[PDB]
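*Asks:* Need a 3D model of the following:
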Amino acid sequence: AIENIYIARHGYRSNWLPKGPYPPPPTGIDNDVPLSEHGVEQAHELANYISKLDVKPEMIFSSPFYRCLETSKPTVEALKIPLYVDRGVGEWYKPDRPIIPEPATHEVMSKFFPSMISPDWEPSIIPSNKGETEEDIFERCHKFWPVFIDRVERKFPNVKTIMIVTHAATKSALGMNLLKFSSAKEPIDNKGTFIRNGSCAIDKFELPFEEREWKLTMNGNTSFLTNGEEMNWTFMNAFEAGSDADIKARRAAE
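*Replies:* Residues are numbered from 1 along each chain as shown. Here you go, the structure:
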């Protein structure tokens with residue numbers, strides 16, 4: 001039944017501000033930062049773009065992290081579709097990270113997005129609370145797809161098109177798994193073309209799941225954003241995406 005899958009990254013994070021002021025994570029959870037004002041604007045531009053599509057998403061599955069729910073919100077409001085949280089598309093944290101964050105529960109997070117998140121959706125898979133090597137997150141996403149698609153197609157037989165709102169690392173690991181590559185540290189062709197993971201960038205893939213084949217018809221589209229592509233990242237980068245280290249490197253050199 002599923003034949004269209006969009007995958008977008010959350011918008012501009014508040015810890016990307018050159019000098020702040022930096023808000024605390026609303027949930028108190030480490031790394032659970034909100035969008036900056038600019039990120040919210042991106043999120044609205046994403047919604048407007050999606051609302052003009054011929055084939056719109058019929059449901060959203062978002063990471064449990066605040067920034068993804070916040071990026072999802074304006075699209076949910078534009079399209080009035082259901083949104084579920086699946087921890088299986090949550091953020092990537094390396095094993096040696098000092099803190100390995102664990103996202104808020106439905107009860108906590110819903111206080112922040114009242115009535116936006118449909119309950120009764122268990123995790124398709126739970127990212128290790130001890131972190132993941134590059135290899136680990138890739139395998140996590142590989143295991144994710146069959147469990148996820150089976151649950152969706154079974155519970156929602158008539159849904160053809162869905163959207164996932166997630167993080168740069170999870171987005172490209174997910175996409176490269178759909179395309180059946182053995183890792184995310186490699187191009188998808190001969191030109192050395194990588195999946196593009198700008199903030200609020202959005203991929204589209206077009207069609208027994210495991211046997212199915214997909215084509216990437218949209219690669220990290222950001223043409224609908226006023227300021228285009230910002231903070232692109234791949235697994236070839238050394239830092240966690242959107243981390244303070246990642247952004248410091250960029251500004252030091254620009």
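*Asks:* Show residues contacting stretch 13-28.
*Replies:* 31-36, 39, 66-67, 104, 108-109, 112, 199, 231, 242, 244, 247, 251 (CB atoms under 8 Å, 6 or more residues apart in numbering). Any C-beta I mention is one placed from the backbone N, CA and C, and that applies to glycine too.
*Asks:* just stretch 178-197 next, same as before
*Replies:* By CB under 8 Å, 6+ apart, stretch 178-197 touches 5, 9, 134-135, 138, 145, 168-169, 171-173, 175-176, 203, 205, 213-214, 216, 219-220, 222, 229, 232-236, 241.
*Asks:* and with 7 Å instead?
*Replies:* 9, 134, 138, 145, 168, 171-173, 175-176, 203, 205, 214, 216, 219-220, 232-236 (CB atoms under 7 Å, 6 or more residues apart in numbering).
*Asks:* Which positions within it qualify as buried?
*Replies:* For stretch 178-197, the neighbour count (16 or more other CB atoms under 10 Å) marks 178, 184, 194-197 as buried.
*Asks:* This structure: helices as residue ranges?
*Replies:* 37-51, 66-79, 106-110, 134-155, 168-178, 244-253 (DSSP state H).
*Asks:* Which entries within the contacts of stretch 178-197 meet the buried criterion?
*Replies:* The neighbour-count test (16+ other CB under 10 Å) marks 9, 138, 145, 168, 171-173, 175-176, 203, 205, 214, 216, 219-220, 232-235 as buried among these.
*Asks:* so what's residue 127 up against?
*Replies:* Residue 127 touches 87, 90, 140, counting by CB under 7 Å, 6+ apart.
*Asks:* With neighbour count and distance to residue 19 added, can I get those residues in CSV?
*Replies:* Putting the contacts of residue 127 into CSV (neighbours: other CB atoms under 10 Å; distance: CB to CB, whole Å) gives the following:
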residue, neighbour count, distance to residue 19
87, 17, 33
90, 25, 29
140, 23, 36
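*Asks:* Make a markdown table from the residues you listed and add distance to residue 46 to it.
*Replies:* As requested, the contacts of residue 127 are arranged in a markdown table below (distance: CB to CB, whole Å):
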| residue | distance to residue 46 |
| --- | --- |
| 87 | 22 |
| 90 | 20 |
| 140 | 25 |
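*Asks:* what about the closest residue to residue 236 other than its chain neighbours, distance to residue 241?
*Replies:* Once flanking residues are discounted, residue 236 sits nearest to residue 185: 6.3 Å by CB to CB, 6 or more residues apart in numbering. Per CB to CB, to the nearest Å, residue 185 is found 14 Å from residue 241.
*Asks:* Right, I'll call it a day here.
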